[PDB]
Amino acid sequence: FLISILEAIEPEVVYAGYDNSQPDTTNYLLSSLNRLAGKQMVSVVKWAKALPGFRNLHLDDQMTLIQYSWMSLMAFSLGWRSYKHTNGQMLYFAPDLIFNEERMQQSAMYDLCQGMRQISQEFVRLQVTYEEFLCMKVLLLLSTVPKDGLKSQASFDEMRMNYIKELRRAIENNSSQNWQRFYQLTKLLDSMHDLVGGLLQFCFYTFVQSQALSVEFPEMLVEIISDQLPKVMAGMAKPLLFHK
């Protein structure tokens, strides 16, 4: 019933608190997304703590893991929402902030938007199930680690394997077909890294010139990014891939 749990701790929908009466300038669009991100951050943290096995890890690791994977978690959840609500035609950031063709253009990050829409499309092509999605999401939280290692390395390794097995369980069907499914689903997981690399590059770029660009970031994000940025630029993080 490990999934029964994943299903119960799955965060409730988060609204952007977006004001459509405002002009959709690049500044307002990005600042609004950053606000949504701050609100989603709170939800991912509360979700992580309720994750069977996450609390067994050292606090330092818990901090490090969320710090390195928050962008991937949110982009992936965005992929799912866009899949269930628009069959992947639009980015369902939040019920009150749906990105259509127009907002993608005025956002100044059209390409990153398409990259994110591509994840949504994969969900469509593969008809990913809700259970597969929940398991994959957890794996994401456990796929970007410090090159030097975690403090609860052993506790970490066990947890990761358990969720990988949980994914297999979600995956009736014959053995070969289940193998092919696993291969394809883990290919999707590995693809997140390139997408995230690009998402993070723009995030760091807008973060550095925040005031000069008039792109706002909520306090919680400012602290996370401020600490994370140098670590990423220093190549301190590495992905845990499923494929060559």
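Residues carry their position along the shown sequence, with the first being 1.
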Between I171 and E172, determine how many residues of the deposited chain lack coordinates; answer none if the chain runs continuously, otherwise 1 to 3, 4 to 9, or 10 or more. 1 to 3
Out of 124 to 132 and 71 to 79, which stretch has the higher average CA B-factor listed in the record? 124 to 132
Mean C-alpha B-factor comparison - 159 to 167 and 99 to 107, higher one: 159 to 167
Going by the deposited entry, which of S176, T186, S43, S210 has the highest CA temperature factor? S176
Peak C-alpha temperature factor (PDB record), options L199, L51, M192, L36: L51
Based on the entry's values, in what third of the chain does the Cα temperature factor of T26 lie: lowest, middle or highest? lowest
For the chain shown, is the CA B-factor of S214 in the lowest, middle or highest third of its modelled residues? middle
Record-listed C-alpha B factor of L240: chain third: middle
Please say which third, lowest, middle or highest, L112 falls into when its CA temperature factor is compared across its chain. lowest
So, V138's CA B-factor, relative to its chain, sits in which third? The lowest
